[PDB]
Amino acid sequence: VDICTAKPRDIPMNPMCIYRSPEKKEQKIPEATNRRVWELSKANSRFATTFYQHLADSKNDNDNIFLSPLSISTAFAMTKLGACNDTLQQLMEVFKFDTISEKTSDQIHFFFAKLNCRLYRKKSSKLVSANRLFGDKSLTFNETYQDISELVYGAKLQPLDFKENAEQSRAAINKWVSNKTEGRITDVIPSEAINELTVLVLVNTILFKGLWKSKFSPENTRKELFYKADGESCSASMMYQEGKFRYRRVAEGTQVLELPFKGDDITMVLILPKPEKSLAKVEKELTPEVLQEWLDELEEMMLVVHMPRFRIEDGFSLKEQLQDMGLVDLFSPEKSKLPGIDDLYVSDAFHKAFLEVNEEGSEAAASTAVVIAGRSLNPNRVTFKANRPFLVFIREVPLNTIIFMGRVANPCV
């Protein structure tokens, strides 16, 4: 009985410890696409967009960004497995799982079961989950929890010594993650983050590696000025190439470009607004249904792509924002209530996201040059030149899931 065969009966949860979300007062549903995976992903996306807009304000327009809502959601989802009462009512409400009409907190875990099966299930374009919870090596760690936090989210409890080993912990951890993420994510937990008062700490991240299905050519990269959020400009390494790429021009000339990865199931979506418009307006106006709609109308088209190479690493302390967003009873010592594992609450949540884009894709560079003989394209054709701030997305199409999302507001070095 594994993740890909689980039926609701294989994912039980303590009664008198359940939530019932309200009825939603239509359905782009494509071909053979499991509706439950579809519904869940819409909620993950609702959270992905919301969380992102709040994280945008708390940052400068010139700051880059990059996280993994899929990460954070599957994380706090794992934790939520043992939530209950007013604590749980908040995990649902805040991660929009409560927006999947009528669906009960116990079902949510069966959906993730379904999504997770299809998500991380293996040539190229590998996706890996690095989520795990950390609490003191003390009291009850209800086995039933783990037994499932193994089947569904694939990673057990894991108690540490927040006392005699409060330091070789914030290293036992950083060592774990940085191992799974094949060395990409290193300093998972910041400095002076773990001590004795540290009760529980949540750590989440993802590892995506893949090649552009239509690689750019090194021989074509050329330094170019990138106009930033302020007014200035700088030296960025602009990549160049042409070919069929799903595209679409939308509201007030904002460009939406899809570059796929080998496999086609994992793609990168760029959202570049016209020069006169600010990424700000776009970021704020970007709602789950607007974004969802935009992607729905992408048509294959021949065009000229100009996109800068860029690297982006980022660390987060989910706690403050999460709180500010409504999630609190989990971060409070007296208000907590996780009967799945007393006074046990979350001391902090840390996330690290990493993305480096070159002429080949995500994986290590190379020199693969491109030779296209016998091709003549229309002189009048679309042109997508990203020499100004744009959004980024790495989604899994068939599962309509936003894996990573970010903002490249300064690619230069």
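Residue positions are given as counts along the sequence shown, with the first one as 1.
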> Which class fits the unmodelled deposited stretch between residue 244 and residue 245: none, 1 to 3, 4 to 9, or 10 or more?
Replying inline: none
> What size is the break between residue 25 and residue 26 in terms of deposited sequence residues left without coordinates: none, 1 to 3, 4 to 9, or 10 or more?
Replying inline: 4 to 9
> For the stretches 44-52 and 352-360, which has the higher mean C-alpha B-factor as given in the deposited record?
Replying inline: 352-360
> As stated in the PDB record, which stretch has the larger average Cα B-factor, 209-217 or 167-175?
Replying inline: 167-175
>> Looking at 237, 124, 267, 292, which one carries the largest C-alpha B-factor according to the PDB entry?
In response: 124
> Which has the highest CA B-factor per the PDB entry: 115, 250, 341, 280?
Replying inline: 341
> What third of its chain, lowest, middle or highest, does the C-alpha temperature factor of residue 84 fall into?
Replying inline: highest
> Mind checking which third residue 194 falls in for C-alpha B-factor across the chain?
Replying inline: highest
> Would the CA B-factor of residue 61 place it in the lowest, middle or highest third of its chain?
Replying inline: middle
>> Split into thirds by Cα B-factor across the chain's modelled residues, where does residue 135 land: lowest, middle or highest?
In response: highest
> Taking the entry's C-alpha B-factors for this chain, is residue 386 in the lowest, middle or highest third?
Replying inline: lowest
